[PDB]
Structure formats: structure tokens, C-alpha cells
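Protein chains in written order, with the UniProt record's numbering: chain A, 1 to 226; chain B, 2 to 135; chain C, 2 to 261.
We put the CB at the ideal spot given by N, CA and C, even for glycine.
Okay, structure first, notes after.
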Amino acid sequence: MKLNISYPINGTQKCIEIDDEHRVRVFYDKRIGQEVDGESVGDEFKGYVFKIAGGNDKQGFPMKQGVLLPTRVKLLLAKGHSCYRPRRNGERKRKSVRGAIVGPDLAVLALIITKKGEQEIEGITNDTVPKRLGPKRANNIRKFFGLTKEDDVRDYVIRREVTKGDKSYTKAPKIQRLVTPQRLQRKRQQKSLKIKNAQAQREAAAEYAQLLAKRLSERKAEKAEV
Amino acid sequence: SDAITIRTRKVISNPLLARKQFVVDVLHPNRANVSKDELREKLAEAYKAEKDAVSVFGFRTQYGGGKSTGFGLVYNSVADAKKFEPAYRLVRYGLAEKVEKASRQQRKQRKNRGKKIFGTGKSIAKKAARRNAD
Amino acid sequence: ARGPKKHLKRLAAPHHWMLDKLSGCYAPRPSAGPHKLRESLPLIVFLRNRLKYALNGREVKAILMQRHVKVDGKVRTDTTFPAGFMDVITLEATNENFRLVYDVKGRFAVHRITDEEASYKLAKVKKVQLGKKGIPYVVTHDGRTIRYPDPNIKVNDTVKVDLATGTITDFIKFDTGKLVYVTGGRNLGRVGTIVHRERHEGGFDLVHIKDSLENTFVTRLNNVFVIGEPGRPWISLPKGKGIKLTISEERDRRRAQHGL
RNA sequence: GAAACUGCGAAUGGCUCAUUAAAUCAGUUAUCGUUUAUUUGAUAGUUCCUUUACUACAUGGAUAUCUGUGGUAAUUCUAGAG
RNA sequence: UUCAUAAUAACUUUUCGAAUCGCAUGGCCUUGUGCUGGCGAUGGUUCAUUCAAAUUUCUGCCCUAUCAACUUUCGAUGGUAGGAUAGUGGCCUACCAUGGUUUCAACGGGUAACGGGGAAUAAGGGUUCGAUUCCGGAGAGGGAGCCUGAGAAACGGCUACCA
Ligand SMILES: [Mg+2]
Ligand SMILES: [Mg+2]
Ligand SMILES: [Mg+2]
Ligand SMILES: [Mg+2]
Ligand SMILES: [Mg+2]
Ligand SMILES: [Mg+2]
Ligand SMILES: [Mg+2]
Ligand SMILES: [Mg+2]
Ligand SMILES: [Mg+2]
Ligand SMILES: [Mg+2]
Ligand SMILES: [Mg+2]
């Protein structure tokens, strides 16, 4: 059938159509979350190693990992799960699903190619598509290069340069989380507030104690008479 | 003479809204209604404002002409008038343009259509394009 | 049922709003705040239906949003924020400071007040309690909760609150023969002196109150807010001064004061 | 400044009178018998752990919209990939 | 009041005590780019406050005796103790007791009964009528069951089953 093959490191996708039943029979009775060889699956794929994750049955009910059965099963699903994007904050729904094990009823098998082989397929392994985004967090940025605290951000930011037609202009990421003046100032202010309020409270308490003392004494001046 | 005589009953000055509001009493004799523009013009020299800063509404003649009772606000600044007036009045005056908007029903339909797709429609269009081979 | 009511149909609307029977399916429900729904007064009603400073809801909103209106020191941007009894409504432009204090008929009065007096909110006391870290605190019937009150402040006592900071300047004890203002029900908006408080087990404390006109009336202690000593109320009282006249007298006043 | 995440909101309103005869409901009680987002107020020098060779605090970890690949006749169905 | 609170003992798959944003951006020099600082948004712990919410006292309903006994196995009434709940309670469970309601109409049966506020009716008393502009209450085809959330047993939210 249709094999949805993908390289993650190279970051590239393809759909390969297979009609030969002998090529299909490698996938029968296999559960999703398993490791597939290259050579039996195809003559083009030799030395290659797949990991199998996800698919799609005919009639369009997606393969969910951890159902078991080679069948279609109605299932009650909510947030955190696959095959369901909820339309309300915390709402279940009983959809239908196709079991994690593979038989004849499938239209697509989603396959991830984990280890290379001999023959490179057209442009899936040959040509690469780069990352859409760069790191947004400062820590993340640091991770991308390996710089340590002293080196600072700003220096290594992936700026995009876009053209309207004649005018060429720049777009840059807002690097959230930084050793910026404003943040520091805010922190200082917070600290001050924490101290100041406490101080005020202490003062108030002292004053009230004093007041109480100035009532107790008064009480004692009236009591001693008879 | 037709007199055209203007009067300003109950002058309330709003330092909140930066405008003088009042009930216009207007004397017609032998003339049906008065037209807002003329009234504004008259006020613009009575209070010193210029037609723009004057805003008169309400009216409707009493009976057999004679009298008309409106509501005139006179704004301290024209900018202020622009930013404190509801837009319909501005449009009437001629200051602001009528907001070129489609029918309510159409808008609602569009909204509903938007609801029936998740996120951006570019992806959906692309998918449709591939579904032509199906 | 099914959860908190959001609206308020323009009828079920409290009558002391002095709202119109017409002009709208709804009235403005005041939000939660320092006062009870039925005995507050939302600002949309105030800046429109009384002062006539605005002329519709949008206008009111605009006025609020420029942030010139102030209720009791703090700003307020809410359209329907409950300005109840004793609320000081200061507007920086106009310099028209108000203190919301009832008329003799019941309805809230446009009491226009000097920038020297409009500074302190007098406030009745709902509760005297002891909170956390063993600290005693007072509750004002009129919304606020004051940390550290003088040990000689008890329940149902009125309190001059700074409002400039939010502490106690002075207080009036609940005593017989002390000027008192009525804030509830039928006698609402009258002023007087208090002759008796009936100690009464459980079923409400009552106050027989003579006014200046030597005409008694009796109300519940919840409906009564102390105002000062005889001769000296801490608040300026409205035109009418909380004495209230019989219908005939009122009629006479109306038809004698014809000055065109 | 589309989208989408996060927050809120969707429990109000609006419709109707089928139930339902001390039930609802009205007035009056009470909550010293309770939960209460919100509004308004108030509210954390003490978080450490043997406390001279010590702890990023001029700040620490991975996930989801779009880019590409699909499926299914379809529908606020969505798998895999970065 | 065993309340509010404070105190000693421990307690906890140690709840919370800010790894939040915007526009301002000045005083003093140990001349570091230093120490700091304002207004406001959000949050967040309890405590009030309010919007409420449950429950809850008393008193009051239309016919029907061609309805005189009803209620208790499987909660009827109460007790103790639990469990549950936001919290009280036969709310459910264990065990014990035998109550409770009734001709001053219980329980049934009806209703072409949603309940008030009110409407018509023009002496006085009254009759009928209130689906309906306000206040409650139910209900979203019927029965169920629940998820999220402060708040639904939600129906322009699910989950069956029956129609
Ligand atoms: Mg930031
Ligand atoms: Mg959302
Ligand atoms: Mg409703
Ligand atoms: Mg019925
Ligand atoms: Mg018990
Ligand atoms: Mg009836
Ligand atoms: Mg009715
Ligand atoms: Mg009917
Ligand atoms: Mg139907
Ligand atoms: Mg609904
Ligand atoms: Mg339901």
C-alpha cells in the first residue's frame, strides 16, 4: 500500500506506493512501535532500518498506539491522547479507532527511517529541508551552540530577511528570558516590596502593643480604689 | 422675517467629556423644520466652535411648526469631538466616512465558515489541491 | 439555579435607582463590590441618570475609561461598580466631589461636597474579629476591612476612615442620645438621636429614634448608621437635613416656594 | 497584526409549561451547618539546615499552531515528520 | 460554642510563599557603568466582603371519601457508630429499638394544576383566571450517566440505551 516514509535527522518526507503483496507481507501481524528491516520490504530499500509508528486504515480511522487487536474499535477519548483534538476545555468523545496491530485493512503505514542503507531514494535521503525556527529561549539558544553564561545572547540569532519586491527588510526573534535591565529592576522592586510591607507590619504591631500597654495601665488606675 | 431664532436651554458643561451640552429650542415661523447643518452653523458663531465641534440631534417639531426641541453638544476640540462622538453622528455631519462593511448575514456566514476549519485555510487549500488527483 | 445571575431586567431593578420603566429591557446589574446589590448604586446610573453628565452608556464608559472618576481614593474603570452608601465620588475634572448619602424620600442624593470634607469616609462596623498571626481586625459594613483597630471599638460603631491611606482617624461609639442616620427600609434617609436600644435575644435589635422635630420612628440596628454627637454630625447632610415632613407639609412647601 | 496556544466566557440570557398538590412557591427564619471563580478590601524580613572553603538569582529543563507527507466518499475526523 | 484566636507535640506521595508583562527612567559617586527607585497591568495564600449557592424554621395550596386506613421485606420512625458530602441530616451502611401519619382528612385517585406577583370583574363581602412581559421553579425527544469548571448532573458538552 501507501508507505509514509520519513527521515527525522534530514527532516524529509515521502509517500511510496507498493502493489506487490510479497512486499506487504513483512507488515502483517506487526504491532506499531516495532523495528522493520529494509531488504524484504523493497529492493530499493537495502540495508535500511525502519521504525514503525502510526498509520491509517481504509475508511479513514487512524492507528492509535496501544489499542492492540487487528480490528476497528469504538473508543472514548479525551485531552492528552491521540486521534482527537477536543473542542472544549476537558471534554471526552467516543470516536472510532483502528488497532495498533497491522493487517490487510490499512491504506497507509507511517514509517520512520532510523538507519541508512545502500540506495538513496530520489530526494528523501539526498536533499534536506532546514528547520523552520531557531531557539526562542536563552537557555535553548545556549544549548544550540554551547557557549556558557559569559557569552551572552544577541550574537547568535537567526534573522530572516524578507523582500516585498523592491524593499528588503529584516525580522528577528524576541528572545524571551534574558539578563535585561528591566527584569532586574522588577526583581529588585519586588524584593523591596517584600521587605517594606513586612517592616510596615512590624511597625504597626509595635504601635498596637504600645497602645495596649497604654490601656492596661489605665485599667489598673481605676481598679485599685476600694 | 422668519426669525430662525435659536435658544439654548439647560447648559451643562462637561469637563469630563470636554463639551457643553444643551437643549436647543428653535423658533420656526412659516417654515417646516430647520435642517441640522444650518443650526450647527448658527451655534458655531454663538458659542465659537465651527460646525464640526457642534453636534445637534433630537428635534421633531411640536405642532403647527413654531417650535423645535433638540440636543446640542459643543465640543472644546474638533479632535475631541471626533474621539467622543459615536460614529453615526460624525458620518451624518460629514466629518467621518461611512464604514464600508458587508451585510450582517454575510459576516455571520463567514464567521461560521471560519469556525468549521482549524487554524489557517492555506493548508486546507493545499490538501484540496492534492485531492483533485483522487 | 445553574449558576450566578449576570443580568437584571429593568424592573426587577431596585426602585431607589430612580430608573425608567422604559428605555431598555435591562438595567445595569452592579458587579460584586463593597455593597449589597439591592442597596448599592452602580456608576452607570450615577454619571447618567442623576448628574446628567453623560447621556448614554457609551458616554459613561468613555468617561470612566479616561480614568478621571475616583471612588474613595482609588480610580475604578468598571461601568457598574457598586458605589453604595457613603461612597465618595471625586471627579478630578469638574472638581465635583460627591458623597453618596440618601435623600429623605429614599433615593440617593446628589450631595455636592467640598474638597476638604470629601477626604474621609465614615464607616459603620459589621464585625470585630481576630485573624491570622493573632491579629485583631475590624470589618466595615461599608465594604473595607481594617487591620488593627483601637480595643475600645466595638460592633455597630461608626468610624472615620482616612481614605488617604485607609486607617482609622476617629470613631463614634453606639450610645443613646447620639446622632444617627437611617440606611434601610421605610425610614431610610431619616436622621435622629436614638433613645432606646432593645437588647433582644436573637430577633433583631431595634432603635427608637427621635429626630429634631420630636417625631419618633423605630428601625432595625442593621438599618442604622451612626453619624456623630448631638449638634455635630461628622458628615454634611443634604437639603432637607434628614428631618422628613408629612405629605401635607411637603405640598405646602412646594406651592409656597414659587420663585420664577 | 491572520492563525493558534494560554487565559477567561460559554452555567447569564433566551424559549417553554410537560411534569409537579405541602413539592414547588410566598412571606418569614436560620447557616454556632456549609462551599463561594469574580468585586472590593486586607494580608508572608524567619523558604536555608551544622550556619569559613558553599547554592545559576546581573536568572533553570523537555512539549504544542505553521513548513512538508498523507489517508478517508464524506464531518468543526486527523496520523507521521521536523 | 469545643467560636474567633494563640500554645506544645507531631503530621503530610510538604498546599502556598511571583524563575510574570507595559510605559516612564531620576538621585549620588568608593567614576564602578555602581547602588537603587515610580506608576500600573497580571497573579497568588488565607481572612473578611459581595454575587450567589445549597440546605433550613414556621405558616399558607384545587378537586376527590365512589380513597379509611397508610408507611417498614428492598428506610418507614428513632437511636448509636460509621460512610458519604462543601457541610447537616435514613442522605446510604452496620446494629439495636418499634415507631411515625391520620376524620383538626393521613394515604391514595384526579387536575383539561407550573407556583406567586397579579387579571377580569365597578357597593360590602366576593367569584373565577393567572401558559404570558417580574420573581421563583422545573425542562430541553425520553430515561439515564458523567467529564471540565467557582458554578452544570449543562443538552447550541460529551456517554450510552429506547423512541
Ligand atoms: Mg518577556
Ligand atoms: Mg481557546
Ligand atoms: Mg435560564
Ligand atoms: Mg402540567
Ligand atoms: Mg452521623
Ligand atoms: Mg393556580
Ligand atoms: Mg404566572
Ligand atoms: Mg398547558
Ligand atoms: Mg420536540
Ligand atoms: Mg444552554
Ligand atoms: Mg441533560
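Among the candidates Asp3(B), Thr121(B), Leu40(B), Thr62(B), whose CA atom is the shortest distance from the CA of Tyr94(B)?
Here residue 94(B) is taken as the residue at index 93 of the second sequence, counted from 1. With distances taken between Cα atoms, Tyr94(B) lies closest to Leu40(B).
Just to make sure I have the definition right: I need the residues of chain A whose C-beta is within less than 8 Å of the C-beta of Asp163(C). Which are they?
By one-based count along the third sequence, residue 163(C) stands at place 162. The contacting residues do not exist; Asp163(C) stays about 14 Å from chain A at best.
Backbone CA spacing between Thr81(C) and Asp73(C) [nearest angstrom]:
By 1-based counting over the third sequence, the position of residue 81(C) is 80. By 1-based counting over the third sequence, the position of residue 73(C) is 72. Looking at the two C-alpha atoms, the distance is approximately 15 Å.
Let me know the alpha helix (DSSP H) ranges lying completely inside the UniProt domain "RNA-binding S4" (42-106) of chain C, each 4 residues or longer, listed in chain order.
44-50, 58-66
With DSSP as the reference, identify every bridge partner of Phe226(C), one or two as the case may be.
Translated into the one-based positions of the third sequence, residue 226(C) becomes position 225. Paired residue(s): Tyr182(C).
When the Cα atoms are used, what is the spatial distance from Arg23(A) to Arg154(A)?
Translated into positions along the first sequence, residue 23(A) becomes position 23. Translated into positions along the first sequence, residue 154(A) becomes position 154. If you take the alpha carbons of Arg23(A) and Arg154(A), they lie about 52 Å apart.
Segments of 3+ residues assigned as beta strand (DSSP E) that fall wholly inside the stretch 23-107 of chain A
34-37, 49-57, 72-77, 93-98
Bridge-paired residues (DSSP) for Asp26(B)
For the purposes of this step, residue 26(B) is identified with residue 25 of the second sequence, where counting begins at 1. Beta-bridge pairing links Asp26(B) to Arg8(B), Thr70(B).
So, at 7 Å on beta carbons, what are the nonlocal neighbours of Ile113(A) in its own chain, with the 5 sequence-adjacent residues on each side left out?
Residue mapping note: residue 113(A) aligns to position 113 of the first sequence, counting from 1. Taken in chain order, the residues that qualify are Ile5, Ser6, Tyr7, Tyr48, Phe50.
Reducing DSSP to helix, strand and coil, say where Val179(A) ends up.
Position 179 of the first sequence holds residue 179(A). It is coil, neither helix nor strand.
N-terminal and C-terminal residue of the beta strand (DSSP E) that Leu147(A) is part of
For the purposes of this step, residue 147(A) is taken as residue 147 along the first sequence, with counting starting at 1. From DSSP, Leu147(A) is part of no beta strand (DSSP E); its letter is neither H nor E.
Quick one: does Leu77(A) have its CB under 8 Å from some CB of chain C?
What you label residue 77(A) is simply residue 77 of the first sequence in a count that begins at 1. No, no contact with chain C.
Which chain B residues are close to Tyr54(C), counting only those with a beta carbon under 8 Å from its beta carbon?
For the purposes of this step, residue 54(C) is identified with residue 53 of the third sequence, where counting begins at 1. The answer, in chain order, is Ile13, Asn15, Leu17, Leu18.
Excluding the five sequence neighbours on either side, which residues of its own chain have a C-beta within less than 7 Å of the C-beta of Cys83(A), listed in chain order?
Numbered from 1 along the first sequence, position 83 holds the residue referred to as residue 83(A). The answer, listed in chain order, is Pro62, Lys64, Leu77, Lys95, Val97.
Starting from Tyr7(A), trace the beta strand (DSSP E) both ways and give me its first and last residue.
Position 7 of the first sequence holds residue 7(A). Taken as a continuous stretch (DSSP letters only), the beta strand (DSSP E) holding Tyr7(A) covers 2-7.
Please determine if the stretch 53-65 of chain B and the stretch 122-142 of chain C are in contact, where contact requires at least 3 C-beta pairs separated by less than 8 Å.
no
Roughly how many angstroms separate the alpha carbons of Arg215(A) and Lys194(A), rounded to a whole number?
Taking the first residue of the first sequence as 1, we reach residue 215(A) at position 215. Taking the first residue of the first sequence as 1, we reach residue 194(A) at position 194. So the two alpha carbons sit approximately 32 Å from each other.
Spatial neighbours of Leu68(A) within its chain, please: CB distance less than 8 Å, with the 5 preceding and 5 following residues excluded, ordered by chain position.
The sequence position of residue 68(A) within the first sequence is 68, counting from 1. Result list for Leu68(A): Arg31, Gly99, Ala100, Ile101, in chain order.
For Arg215(A), which residues in chain C fall below 8 Å Cβ to Cβ?
In the first sequence, counting from the first residue as 1, residue 215(A) sits at position 215. By Cβ distance, chain C contributes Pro152, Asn153.
Against chain C, which members of the stretch 85-116 of chain B pass a CB distance test of less than 9 Å?
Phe85, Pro87
Could you confirm whether any beta carbon from chain C is found closer than 8 Å to the beta carbon of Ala204(A)?
Taking the first sequence and counting its residues from 1, one reaches residue 204(A) at position 204. Chain C contact via Cβ: present.
From which residue to which residue does the alpha helix (DSSP H) around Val126(C) run?
Along the third sequence, read from residue 1 onward, the residue named residue 126(C) stands at position 125. Where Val126(C) is concerned, there is no enclosing alpha helix (DSSP H), although the beta strand (DSSP E) it sits in stretches over 122-131.
Are at least three pairs of beta-carbons, each pair with one atom in the stretch 145-157 of chain C and one in the stretch 172-181 of chain C, less than 8 Å apart?
yes
In whole angstroms, give me the CA-to-CA distance for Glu60(C) and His17(C).
Here residue 60(C) refers to the residue found at position 59 when the third sequence is read from its first residue. Here residue 17(C) refers to the residue found at position 16 when the third sequence is read from its first residue. Taking the straight line joining both Cα atoms gives about 23 Å.
Cutting at 8 Å between CB atoms, please list the residues of its own chain near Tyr28(A), excluding the five before and the five after it.
Along the first sequence, one-based indexing puts residue 28(A) at 28. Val102, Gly103, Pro104.
Under 7 Å Cβ-Cβ, which residues of chain B neighbour residue 262(C)?
No information on residue 262(C) is available, as it lies outside the stretch 2 to 261 that chain C covers here.
Taking 8 Å as the CB-CB cut-off, is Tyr149(C) touching chain A?
Residue mapping note: residue 149(C) aligns to position 148 of the third sequence, counting from 1. Yes, because at least one Cβ of chain A sits closer than 8 Å to the Cβ of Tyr149(C).
Is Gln190(A) near ligand 1, with its Cβ less than 7 Å from a heavy atom?
Here residue 190(A) corresponds to residue number 190 of the first sequence, with the count starting at 1. No, the Cβ of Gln190(A) stays beyond 7 Å of every heavy atom of ligand 1.
Am I right that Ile195(C) and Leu17(B) are in contact with their C-beta atoms under 8 Å? What's the rounded C-beta distance?
Position 194 of the third sequence, counted from the first residue, corresponds to residue 195(C). Position 16 of the second sequence, counted from the first residue, corresponds to residue 17(B). Actually they are not in contact, since the Cβ atoms of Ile195(C) and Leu17(B) sit about 40 Å apart, beyond 8 Å.
Note down, in chain order, all residues in the stretch 16-45 of chain B with a beta-carbon under 9 Å from any beta-carbon belonging to chain C.
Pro16, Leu17, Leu18, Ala19, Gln22
Could you compute how far the alpha carbon of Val27(B) sits from the alpha carbon of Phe85(B)?
One-based indexing of the second sequence puts residue 27(B) at position 26. One-based indexing of the second sequence puts residue 85(B) at position 84. Going from the Cα of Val27(B) to the Cα of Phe85(B) covers about 25 Å.
Just to check my reading of the structure: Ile244(C) and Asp206(C) have Cβ atoms closer than 8 Å, yes? What is that Cβ distance to the nearest angstrom?
Stepping through the third sequence from its first residue, residue 244(C) is reached at position 243. Stepping through the third sequence from its first residue, residue 206(C) is reached at position 205. Not really, about 24 Å apart at Cβ, beyond 8 Å.
Determine whether the beta carbon atoms of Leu189(C) and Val160(C) lie at a separation below 8 Å.
Numbered from 1 along the third sequence, position 188 holds the residue referred to as residue 189(C). Numbered from 1 along the third sequence, position 159 holds the residue referred to as residue 160(C). No, the Cβ-Cβ distance between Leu189(C) and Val160(C) is not below 8 Å.
Just to confirm, is the Cβ distance from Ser32(C) to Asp79(C) under 8 Å?
The residue given as residue 32(C) occupies position 31 in the third sequence. The residue given as residue 79(C) occupies position 78 in the third sequence. Against a cut-off of 8 Å, the Cβ pair of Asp79(C) and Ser32(C) comes out as a contact.
Any chain B beta carbon closer than 8 Å to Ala63(C)
Here residue 63(C) corresponds to residue number 62 of the third sequence, with the count starting at 1. At least one chain B Cβ lies under 8 Å of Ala63(C).
DSSP three-state call for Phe218(C): helix, strand or coil?
The residue given as residue 218(C) occupies position 217 in the third sequence. Strand.
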